[PDB]
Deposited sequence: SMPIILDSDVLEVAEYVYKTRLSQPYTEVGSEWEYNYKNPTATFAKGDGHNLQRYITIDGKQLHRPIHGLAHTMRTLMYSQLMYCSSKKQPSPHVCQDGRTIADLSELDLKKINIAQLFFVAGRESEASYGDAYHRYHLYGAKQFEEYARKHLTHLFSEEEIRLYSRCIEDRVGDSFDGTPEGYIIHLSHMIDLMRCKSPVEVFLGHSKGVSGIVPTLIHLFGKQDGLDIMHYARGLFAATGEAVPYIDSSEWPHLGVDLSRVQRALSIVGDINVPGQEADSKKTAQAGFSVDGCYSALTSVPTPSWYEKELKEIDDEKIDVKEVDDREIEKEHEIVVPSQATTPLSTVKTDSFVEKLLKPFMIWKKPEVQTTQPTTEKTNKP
């Protein structure tokens, strides 16, 4: 059964793409370089500002390729998938407000999809150290609020605009599971990180923190958790992104506490999945238009259990 983004959602997608996700990053250049060994004159307070600013595909510049339309749109698919899975779980995760994702309605998922469109829209570079991250999330929140108060007051109440603005903002001190709305926004973003993060971050965790895939299996069970993993990898391929290989025989040899590795192996199981190279055509099709991206996403089958 397909995961559908309706005309209202796609209308907002067009707005976000036009006003934000298609735009060049602006906190870039020599004025934004950083040096850890020796302070220097700069605007930056950490690294990352000049990474992955744009790629060129058939002579056309795709700005912000790692946080652009495809990344954004993929996350809207994940939330709908996890909403289905949570509703099947004997004890879904209770968030700080006493509510679970299974407490959400279909209308709530529409509102969450709309907010997810803005989640990384405020970025002005790839920088991801705290100060930059927080500023960029505040900027995206303000972009959401401005649009919502002009165009979405028939759909969002005032309390809802405040809740979703805050979910986007991700203020210092906020909890990852504050509300189910915020939780699913964060989890969706986490899933998409598999495309760029190491085996350590995806499967093992650092010291505290669990790997991405083990989180999914903790929440959704092994079957649905691995199925959400595979689904996302499918969307990566459909949208032209390199699909990392997965090889659990490599895990004991990455420098991680073996206690930690063996825990990962017992949760995930032995796993071996081939990688795939990036496809520039598919990257441009998914990056340069809402309809192009959405067609790519819709090409990928959902898990058999999705309804």
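In this chain the deposited sequence has gaps in the coordinates at 1, 209, 310 to 383, listed in sequence order.
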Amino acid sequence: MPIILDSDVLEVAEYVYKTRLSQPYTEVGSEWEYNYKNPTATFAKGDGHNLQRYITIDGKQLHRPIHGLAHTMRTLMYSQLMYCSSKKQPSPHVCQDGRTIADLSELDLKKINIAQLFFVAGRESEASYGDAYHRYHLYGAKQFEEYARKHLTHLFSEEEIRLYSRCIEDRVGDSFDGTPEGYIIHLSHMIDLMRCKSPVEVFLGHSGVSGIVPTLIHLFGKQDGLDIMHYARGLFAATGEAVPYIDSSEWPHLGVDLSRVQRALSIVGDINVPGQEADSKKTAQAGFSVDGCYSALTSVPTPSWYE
From here on, numbers count along this sequence of modelled residues.
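Relative to one another, 47 to 55 and 256 to 264 have unequal mean CA B-factors, and 256 to 264 is the one with the higher figure. The question of which stretch, 235 to 243 or 271 to 279, has the higher mean Cα B factor is settled in favour of 271 to 279. Within the selection 134, 206, 111, 74, the deposited Cα B-factor values reach their highest point at 206. For the set 175, 198, 128, 188, the maximum C-alpha B-factor listed in the entry falls on 198. Among the modelled residues of its chain, residue 86 has a C-alpha B-factor that falls in the middle third, as given in the PDB entry. When all modelled residues of the chain are sorted by CA temperature factor, residue 292 is found within the highest third. Annotation for residue 68: C-alpha temperature factor in the lowest third relative to the rest of the modelled chain, per the entry. When the modelled residues of the chain are ordered by their C-alpha B factor, residue 30 lands in the middle third. The entry lists a Cα temperature factor for residue 95 that places it in the lowest third of the chain's modelled residues.
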